[PDB]
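Participant: Below you will find the structure I want to go over with you.
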Amino acid sequence: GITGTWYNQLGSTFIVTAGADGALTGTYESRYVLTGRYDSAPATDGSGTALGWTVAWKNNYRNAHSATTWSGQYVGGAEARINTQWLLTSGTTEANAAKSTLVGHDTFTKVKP
Amino acid sequence: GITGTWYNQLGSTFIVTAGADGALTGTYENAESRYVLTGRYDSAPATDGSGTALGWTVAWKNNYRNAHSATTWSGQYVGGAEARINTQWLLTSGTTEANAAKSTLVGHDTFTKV
Amino acid sequence: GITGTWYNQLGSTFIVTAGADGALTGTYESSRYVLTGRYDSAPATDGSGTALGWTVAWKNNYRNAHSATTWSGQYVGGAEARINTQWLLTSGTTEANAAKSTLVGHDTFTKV
Amino acid sequence: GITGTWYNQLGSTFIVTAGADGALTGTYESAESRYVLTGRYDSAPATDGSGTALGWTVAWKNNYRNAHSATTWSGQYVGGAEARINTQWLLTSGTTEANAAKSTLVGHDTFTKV
């Protein structure tokens with residue numbers, strides 16, 4: 001269900017595998033390594049499936065000295081989607097610590113818009 | 001400086017290993033209160049005295065418990081004598097669509113080596 | 001521009017008057033609660049949006065959730081005028097539960 | 001106890017008046033650094049030991065400067081020996097739509113009367 005190729009509202013691509021253990025492994029598209037966890041035994045009451053992951057924005061080509069974490073839930077069904085909020089923290093100095101973290105929201109869908 | 005055991009002020013413990021690939025792996029803590037964590041950190045941070053960006057996720061299920069929720073911490077490691085990890089976190093609970101708007105708590109945590 | 005009636009997608013209604021002095025005052029029909037806030041009364045005219053924020057404390061003469069929501073965002077004019085926000089909802093808790101006191105979310109308002 | 005002069009950890013000062021029907025009015029000083037604030041609070045809180053829920057907004061325009069941004073603080077007042085206001089805040093900047101995704105900062109502030 002979660003396993004697959006996902007797209008956010010800005011055309012970013014999220015390729016993930018949901019492991020049996022609760023593990024999330026994949027790539028965020030340059031391309032970056034992602035890792036996280038998900039609820040591998042969600043409720044049956046129609047509630048969504050809790051999950052999150054992290055990308056540290058360093059690959060072989062660039063380093064932005066930052067990391068984004070996504071926290072959200074997968075809702076399966078006809079138009080499967082993953083609704084997240086995210087926090088993007090940059091490495092800063094102490095004087096600048098106050099403005100190190102951005103907050104936003106992303107919706108992922110299995111159809112590219 | 002990241003590898004090891006870190007403590008928050010509410011007693012919570014987190015043991016991490018920071019691999020050279022930028023991977024973070026460990027547990028967040030009695031067995032029934034132990035959970036798996038995984039994340040990423042910047043393995044080649046600036047040297048201007050900036051901190052080291054990182055993040056990690058814990059889903060609150062283990063073999064004994066399932067809270068149908070996941071927390072992600074976004075923050076930075078600041079080394080020195082009072083080495084610290086300053087984070088902001090998001091806690092999302094699985095909800096019906098009806099109540100999703102109230103699905104996500106936000107907060108902050110500071111972790112120390114003691 | 002900002003002054004007028006605004007709707008989100010989950011059936012809530014906010015009526016707001018944007019004052020010359022940078023004040024935002026009005027009503028949020030969730031029943032009805034007083035709102036108050038501030039906006040940039042001299043934005044850039046380069047296409048950027050107008051920063052603004054407002055607060056609703058969830059008490060009126062009929063009820064009280066012992067909570068307050070604050071909305072932070074920007075107005076965007078044009079054919080498809082919108083106010084895009086992120087919000088924080090904080091409830092009164094004991095300090096034992098103060099770490100789970102605040103929810104975060106997002107809301108888009110249109111002139112509908 | 002909300003009414004009076006408060007300080008955050010970083011040096012800024014916030015002067016509030018708590019009104020009888022839930023209004024917050026006052027000034028935030030980070031004269032050229034002085035800004036109007038406005039907000040609301042729970043004027044009839046819980047008598048169970050819970051704090052008092054509140055929020056306020058500052059738009060970063062005064063007679064001398066304009067940042068084209070606004071901060072909202074959401075939190076609660078905890079009266080006591082060390083009476084305090086614990087908040088989380090969102091700072092949004094006016095951006096073009098292409099930059100709209102990086103328009104909002106999140107952080108937290110604690111205020112005391114000392």
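Order determines the names: the first chain of the structure tokens is A, the second B, and so forth; residues in each chain are numbered 1 upward, and ligands are numbered 1 upward as they are shown.
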Using only C-alpha atoms, which chain C residues lie at most 8 Å away from chain A, written as a list in words?

Facilitator: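 The answer, sorted by residue number, is residues 86, 105 and 106 of chain C.
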
Participant: Taking only C-alpha atoms into account, report as number ranges by chain which residues of chain D lie within 8 Å of chain B.

Facilitator: D: 88, 107-108

Participant: Please, which residues of chain B lie no more than 10 Å from chain C when the count uses only C-alpha atoms, and can they be set out as JSON, numbers by chain?

Facilitator: {"B": [10, 90, 91, 92, 98, 100, 101, 102, 103, 104, 105, 106, 107, 108, 109]}

Participant: Please check the contacts: residues of chain A at most 8 Å away from chain D, using only C-alpha atoms, listed as a PyMOL selection string.

Facilitator: chain A and resi 98-104

Participant: Tell me as a CSV table (one decimal) with N, CA, C and O atoms, in the first residue's frame which residues belonging to chain A come within 7 Å of chain B, counting only C-alpha atoms.

Facilitator:
```csv
chain,number,residue,atom,x,y,z
A,35,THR,N,15.0,7.4,5.2
A,35,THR,CA,14.7,6.4,6.1
A,35,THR,C,13.6,6.8,7.1
A,35,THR,O,13.5,7.9,7.5
A,36,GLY,N,12.8,5.8,7.5
A,36,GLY,CA,11.8,6.0,8.5
A,36,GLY,C,11.2,4.8,9.1
A,36,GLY,O,11.7,3.6,8.9
A,37,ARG,N,10.0,5.0,9.7
A,37,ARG,CA,9.2,4.0,10.3
A,37,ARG,C,7.7,4.2,10.0
A,37,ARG,O,7.3,5.3,9.7
A,38,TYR,N,7.0,3.1,10.1
A,38,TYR,CA,5.5,3.2,10.0
A,38,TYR,C,4.9,2.1,10.9
A,38,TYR,O,5.6,1.3,11.3
A,39,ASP,N,3.6,2.3,11.1
A,39,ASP,CA,2.8,1.4,11.9
A,39,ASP,C,2.4,0.2,11.1
A,39,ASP,O,1.6,0.3,10.2
A,42,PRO,N,-1.8,-1.2,11.7
A,42,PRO,CA,-2.8,-0.1,12.0
A,42,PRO,C,-4.1,-0.7,12.5
A,42,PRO,O,-4.4,-1.9,12.3
A,46,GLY,N,-10.9,2.1,10.2
A,46,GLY,CA,-10.9,3.1,9.2
A,46,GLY,C,-9.9,4.2,9.5
A,46,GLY,O,-9.8,5.2,8.8
A,47,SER,N,-9.1,4.1,10.6
A,47,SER,CA,-8.1,5.1,10.8
A,47,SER,C,-6.9,5.0,9.9
A,47,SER,O,-6.6,3.9,9.5
A,48,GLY,N,-6.3,6.1,9.6
A,48,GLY,CA,-5.1,6.0,8.7
A,48,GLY,C,-3.9,5.4,9.4
A,48,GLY,O,-4.0,4.9,10.5
A,49,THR,N,-2.8,5.2,8.6
A,49,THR,CA,-1.6,4.6,9.0
A,49,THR,C,-0.5,5.6,9.3
A,49,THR,O,0.0,6.1,8.3
A,50,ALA,N,-0.1,5.7,10.6
A,50,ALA,CA,1.0,6.6,11.0
A,50,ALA,C,2.3,6.2,10.5
A,50,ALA,O,2.8,5.1,10.5
A,51,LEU,N,3.1,7.3,10.1
A,51,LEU,CA,4.4,7.1,9.6
A,51,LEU,C,5.2,8.4,9.6
A,51,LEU,O,4.6,9.5,9.8
A,52,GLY,N,6.5,8.2,9.3
A,52,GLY,CA,7.4,9.3,9.2
A,52,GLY,C,8.7,8.9,8.6
A,52,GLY,O,9.1,7.7,8.6
A,53,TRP,N,9.4,9.9,8.1
A,53,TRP,CA,10.7,9.6,7.6
A,53,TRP,C,11.5,10.9,7.6
A,53,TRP,O,11.0,12.0,7.7
A,54,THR,N,12.8,10.7,7.3
A,54,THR,CA,13.8,11.8,7.3
A,54,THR,C,14.7,11.7,6.0
A,54,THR,O,15.2,10.6,5.7
A,55,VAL,N,14.9,12.8,5.4
A,55,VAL,CA,16.0,13.0,4.5
A,55,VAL,C,17.0,14.1,5.0
A,55,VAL,O,16.6,15.2,5.4
A,56,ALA,N,18.2,13.7,5.1
A,56,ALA,CA,19.3,14.6,5.3
A,56,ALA,C,19.9,15.1,3.9
A,56,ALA,O,20.2,14.2,3.1
A,58,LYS,N,22.2,15.7,2.0
A,58,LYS,CA,23.6,15.6,1.5
A,58,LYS,C,23.6,14.3,0.6
A,58,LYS,O,23.1,13.3,1.0
A,65,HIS,N,23.4,21.1,4.3
A,65,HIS,CA,23.6,21.0,5.7
A,65,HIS,C,22.2,21.2,6.4
A,65,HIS,O,22.0,22.1,7.2
A,66,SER,N,21.3,20.4,6.0
A,66,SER,CA,19.9,20.4,6.6
A,66,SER,C,19.3,19.1,6.5
A,66,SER,O,19.8,18.2,5.8
A,67,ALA,N,18.2,18.9,7.2
A,67,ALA,CA,17.4,17.7,7.2
A,67,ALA,C,16.0,18.0,7.4
A,67,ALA,O,15.7,18.9,8.2
A,68,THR,N,15.1,17.4,6.6
A,68,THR,CA,13.7,17.4,6.7
A,68,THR,C,13.1,16.1,7.2
A,68,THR,O,13.5,15.0,6.8
A,69,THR,N,12.2,16.2,8.2
A,69,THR,CA,11.4,15.1,8.7
A,69,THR,C,10.0,15.3,8.3
A,69,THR,O,9.4,16.3,8.5
A,70,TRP,N,9.4,14.2,7.8
A,70,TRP,CA,7.9,14.2,7.5
A,70,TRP,C,7.2,13.3,8.5
A,70,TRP,O,7.6,12.2,8.8
A,71,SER,N,6.1,13.9,9.0
A,71,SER,CA,5.3,13.1,9.9
A,71,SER,C,3.8,13.1,9.3
A,71,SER,O,3.3,14.2,9.0
A,72,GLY,N,3.2,11.9,9.3
A,72,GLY,CA,1.9,11.9,8.7
A,72,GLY,C,1.2,10.6,8.8
A,72,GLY,O,1.5,9.7,9.6
A,73,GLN,N,0.3,10.4,7.9
A,73,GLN,CA,-0.5,9.2,7.8
A,73,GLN,C,-0.9,8.8,6.4
A,73,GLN,O,-1.1,9.7,5.6
A,87,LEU,N,9.1,19.4,9.0
A,87,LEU,CA,10.0,20.3,9.7
A,87,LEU,C,11.4,20.2,9.0
A,87,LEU,O,11.9,19.1,8.9
A,88,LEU,N,11.9,21.3,8.6
A,88,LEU,CA,13.2,21.4,7.9
A,88,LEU,C,14.2,22.1,8.8
A,88,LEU,O,14.0,23.3,9.0
A,89,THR,N,15.1,21.5,9.3
A,89,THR,CA,16.1,22.1,10.2
A,89,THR,C,17.4,22.3,9.5
A,89,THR,O,17.9,21.3,9.0
A,90,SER,N,18.0,23.5,9.5
A,90,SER,CA,19.3,23.8,9.0
A,90,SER,C,20.3,23.9,10.1
A,90,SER,O,20.0,24.4,11.2
A,91,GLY,N,21.5,23.4,9.8
A,91,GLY,CA,22.7,23.7,10.7
A,91,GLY,C,23.0,25.1,10.6
A,91,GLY,O,23.3,25.6,9.5
A,92,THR,N,22.9,25.9,11.7
A,92,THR,CA,23.2,27.2,12.2
A,92,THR,C,24.1,27.3,13.4
A,92,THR,O,24.3,26.4,14.2
A,93,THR,N,24.5,28.5,13.6
A,93,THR,CA,25.2,29.0,14.8
A,93,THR,C,24.2,29.2,15.9
A,93,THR,O,23.0,29.2,15.8
```

Participant: For residue D:54, list every protein, DNA or RNA residue within 9 Å, evaluated using only C-alpha atoms, and leave out those in the same chain fewer than 2 positions away; present the list as a list in words.

Facilitator: residues 55, 56, 57, 67, 68, 69, 70, 90, 91 and 92 of chain C; 24, 39, 40, 41, 42, 52, 56, 73, 74, 75, 76, 77, 85 and 87 of chain D

Participant: Put those residues in a file: N, CA, C and O atoms, as an mmCIF file, in the first residue's frame.

Facilitator:
```cif
data_model
loop_
_atom_site.group_PDB
_atom_site.id
_atom_site.type_symbol
_atom_site.label_atom_id
_atom_site.label_comp_id
_atom_site.auth_asym_id
_atom_site.auth_seq_id
_atom_site.Cartn_x
_atom_site.Cartn_y
_atom_site.Cartn_z
ATOM 1 N N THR C 55 -5.772 35.331 16.009
ATOM 2 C CA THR C 55 -6.016 34.485 17.159
ATOM 3 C C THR C 55 -7.511 34.399 17.441
ATOM 4 O O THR C 55 -8.258 35.382 17.367
ATOM 5 N N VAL C 56 -7.924 33.172 17.741
ATOM 6 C CA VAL C 56 -9.231 32.876 18.298
ATOM 7 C C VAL C 56 -9.054 32.110 19.603
ATOM 8 O O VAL C 56 -8.489 31.013 19.623
ATOM 9 N N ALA C 57 -9.558 32.687 20.688
ATOM 10 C CA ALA C 57 -9.705 31.937 21.930
ATOM 11 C C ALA C 57 -11.110 31.339 21.967
ATOM 12 O O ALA C 57 -12.092 32.038 21.717
ATOM 13 N N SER C 67 -9.028 26.734 25.166
ATOM 14 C CA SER C 67 -8.038 26.592 24.113
ATOM 15 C C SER C 67 -8.064 27.850 23.241
ATOM 16 O O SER C 67 -9.003 28.626 23.358
ATOM 17 N N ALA C 68 -7.019 28.004 22.459
ATOM 18 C CA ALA C 68 -6.767 29.111 21.565
ATOM 19 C C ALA C 68 -6.027 28.619 20.325
ATOM 20 O O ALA C 68 -5.099 27.816 20.389
ATOM 21 N N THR C 69 -6.508 29.059 19.172
ATOM 22 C CA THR C 69 -5.827 28.801 17.913
ATOM 23 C C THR C 69 -5.246 30.112 17.394
ATOM 24 O O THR C 69 -5.846 31.195 17.393
ATOM 25 N N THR C 70 -4.018 30.002 16.907
ATOM 26 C CA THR C 70 -3.419 31.117 16.200
ATOM 27 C C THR C 70 -3.108 30.705 14.766
ATOM 28 O O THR C 70 -2.513 29.649 14.560
ATOM 29 N N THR C 90 -3.472 25.442 20.977
ATOM 30 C CA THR C 90 -2.999 25.151 22.325
ATOM 31 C C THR C 90 -4.164 25.115 23.303
ATOM 32 O O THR C 90 -4.966 26.044 23.359
ATOM 33 N N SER C 91 -4.275 24.034 24.057
ATOM 34 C CA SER C 91 -5.214 23.830 25.132
ATOM 35 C C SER C 91 -4.567 24.053 26.492
ATOM 36 O O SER C 91 -3.395 23.751 26.708
ATOM 37 N N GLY C 92 -5.386 24.488 27.445
ATOM 38 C CA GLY C 92 -4.903 24.509 28.827
ATOM 39 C C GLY C 92 -4.842 23.070 29.345
ATOM 40 O O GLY C 92 -5.841 22.358 29.247
ATOM 41 N N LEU D 24 -6.191 40.598 24.479
ATOM 42 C CA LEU D 24 -4.786 40.893 24.683
ATOM 43 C C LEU D 24 -4.351 42.109 23.856
ATOM 44 O O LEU D 24 -4.478 42.149 22.631
ATOM 45 N N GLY D 39 -4.194 40.044 20.537
ATOM 46 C CA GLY D 39 -4.578 38.653 20.689
ATOM 47 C C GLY D 39 -5.725 38.391 21.628
ATOM 48 O O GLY D 39 -6.486 39.297 21.963
ATOM 49 N N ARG D 40 -5.839 37.146 22.081
ATOM 50 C CA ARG D 40 -6.936 36.681 22.904
ATOM 51 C C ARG D 40 -6.436 35.698 23.952
ATOM 52 O O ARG D 40 -5.391 35.073 23.811
ATOM 53 N N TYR D 41 -7.270 35.510 24.966
ATOM 54 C CA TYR D 41 -6.946 34.526 25.993
ATOM 55 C C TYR D 41 -8.234 33.951 26.571
ATOM 56 O O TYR D 41 -9.277 34.559 26.334
ATOM 57 N N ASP D 42 -8.135 32.822 27.256
ATOM 58 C CA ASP D 42 -9.248 32.198 27.952
ATOM 59 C C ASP D 42 -9.484 32.954 29.260
ATOM 60 O O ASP D 42 -8.662 32.885 30.173
ATOM 61 N N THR D 52 -3.738 28.781 31.440
ATOM 62 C CA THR D 52 -4.650 29.615 30.671
ATOM 63 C C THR D 52 -4.181 29.757 29.232
ATOM 64 O O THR D 52 -3.084 30.260 28.953
ATOM 65 N N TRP D 56 -1.266 35.480 20.499
ATOM 66 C CA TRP D 56 -1.140 36.853 20.035
ATOM 67 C C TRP D 56 -0.331 36.898 18.744
ATOM 68 O O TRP D 56 0.433 35.985 18.434
ATOM 69 N N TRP D 73 2.113 33.698 18.282
ATOM 70 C CA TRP D 73 2.470 32.861 19.412
ATOM 71 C C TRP D 73 1.212 32.210 19.991
ATOM 72 O O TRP D 73 0.237 32.904 20.284
ATOM 73 N N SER D 74 1.285 30.920 20.262
ATOM 74 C CA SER D 74 0.192 30.143 20.821
ATOM 75 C C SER D 74 0.729 29.359 22.013
ATOM 76 O O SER D 74 1.767 28.714 21.912
ATOM 77 N N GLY D 75 0.036 29.488 23.137
ATOM 78 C CA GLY D 75 0.576 28.888 24.340
ATOM 79 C C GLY D 75 -0.333 29.027 25.531
ATOM 80 O O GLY D 75 -1.540 29.154 25.387
ATOM 81 N N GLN D 76 0.270 28.991 26.719
ATOM 82 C CA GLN D 76 -0.527 29.107 27.922
ATOM 83 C C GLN D 76 0.265 29.754 29.049
ATOM 84 O O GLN D 76 1.479 29.624 29.177
ATOM 85 N N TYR D 77 -0.499 30.486 29.848
ATOM 86 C CA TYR D 77 0.066 31.166 31.007
ATOM 87 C C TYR D 77 -0.018 30.197 32.177
ATOM 88 O O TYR D 77 -1.082 29.627 32.424
ATOM 89 N N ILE D 85 4.752 32.055 30.710
ATOM 90 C CA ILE D 85 3.993 31.778 29.502
ATOM 91 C C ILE D 85 4.888 30.973 28.565
ATOM 92 O O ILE D 85 5.951 31.418 28.143
ATOM 93 N N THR D 87 5.302 29.180 25.020
ATOM 94 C CA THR D 87 4.660 29.250 23.712
ATOM 95 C C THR D 87 5.432 28.455 22.670
ATOM 96 O O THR D 87 6.591 28.121 22.867
#
```

Participant: To test your reading of the structure, identify every residue in chain B that backbone DSSP assigns to helix (DSSP H, G or I), and report it as an MDAnalysis selection string.

Facilitator: chainID B and resid 31:33 97:102

Participant: From the list C:36, C:108, C:97, C:60, which residue is nearest chain D when using only C-alpha atoms?

Facilitator: C:36

Participant: I need the residues of chain D that end up classed as strand (DSSP E) by DSSP on the backbone, written out as a count of residues only.

Facilitator: 68

Participant: Work out how far apart atom CA of residue A:28 and atom CA of residue A:82 are and give it in Å to one decimal.

Facilitator: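 Value for the atom CA of residue A:28-atom CA of residue A:82 distance: 14.7 Å.
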
Participant: What gap, in Å, lies between atom CA of residue C:13 and atom CA of residue C:29?

Facilitator: 4.9 Å

Participant: Fewer than 6 positions away in the same chain doesn't count, so skip those; otherwise give me all residues within 10 Å of residue D:6, counting only C-alpha atoms, as a list in words.

Facilitator: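 So, after excluding close chain neighbours, the residues are residues 12, 13, 14, 15, 16, 28, 84, 85, 110, 111, 112, 113 and 114 of chain D.
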
Participant: What does the file look like for those residues with C-alpha atoms, as a compact mmCIF listing (two decimals), in the first residue's frame?

Facilitator:
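Below you can see selection_21.txt, which holds the result:
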```txt
# COMPACT_ATOMS: atom_id res chain seq x y z
CA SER D 12 12.78 40.73 23.81
CA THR D 13 10.17 42.34 25.98
CA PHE D 14 6.42 41.94 25.73
CA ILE D 15 4.01 44.34 27.45
CA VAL D 16 0.43 43.02 27.70
CA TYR D 28 6.42 43.84 21.59
CA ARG D 84 5.29 31.86 33.05
CA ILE D 85 3.99 31.78 29.50
CA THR D 110 9.28 30.96 27.21
CA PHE D 111 8.31 34.19 28.92
CA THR D 112 8.81 35.16 32.57
CA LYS D 113 8.35 38.38 34.51
CA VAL D 114 12.06 38.31 35.23
```

Participant: Could you check how far atom CA of residue B:85 sits from atom CA of residue B:112, in Å to one decimal?

Facilitator: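 Between atom CA of residue B:85 and atom CA of residue B:112 the gap works out to 6.7 Å.
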
Participant: Near residue A:27, within 7 Å and counting only C-alpha atoms, which residues show up once chain neighbours fewer than 3 positions away are dropped, as a count of residues only?

Facilitator: 7

Participant: Could you name the residues that touch residue D:29 at 10 Å or less, counting only C-alpha atoms, but leaving out those on the same chain fewer than 2 positions away, as an MDAnalysis selection string?

Facilitator: chainID D and resid 7 11:15 27 31:37

Participant: For the selection you just gave me, I'd like the residues written to a file as a PDB file, in the first residue's frame, keeping C-alpha atoms.

Facilitator:
```pdb
ATOM      1  CA  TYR D   7      10.592  38.765  28.885  1.00  0.00           C
ATOM      2  CA  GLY D  11      16.063  39.619  25.345  1.00  0.00           C
ATOM      3  CA  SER D  12      12.784  40.732  23.815  1.00  0.00           C
ATOM      4  CA  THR D  13      10.168  42.338  25.975  1.00  0.00           C
ATOM      5  CA  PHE D  14       6.423  41.935  25.725  1.00  0.00           C
ATOM      6  CA  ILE D  15       4.006  44.342  27.449  1.00  0.00           C
ATOM      7  CA  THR D  27       3.600  46.152  22.610  1.00  0.00           C
ATOM      8  CA  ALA D  31      11.066  52.545  19.514  1.00  0.00           C
ATOM      9  CA  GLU D  32      12.139  51.459  16.045  1.00  0.00           C
ATOM     10  CA  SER D  33      12.069  47.963  17.586  1.00  0.00           C
ATOM     11  CA  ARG D  34       8.607  48.473  19.073  1.00  0.00           C
ATOM     12  CA  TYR D  35       5.575  46.829  17.503  1.00  0.00           C
ATOM     13  CA  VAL D  36       1.874  46.505  18.236  1.00  0.00           C
ATOM     14  CA  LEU D  37       0.591  43.142  19.393  1.00  0.00           C
TER      15      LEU D  37
END
```

Participant: Which is closer to chain C than all the others in D:20, D:89, D:8, D:3, using only C-alpha atoms?

Facilitator: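 The closest residue to chain C is D:89.
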
Participant: Which residue out of C:15, C:58, C:26, C:33 has the minimum interatomic distance to chain D when only C-alpha atoms are used?

Facilitator: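 For chain D, the nearest of the given residues is C:58.
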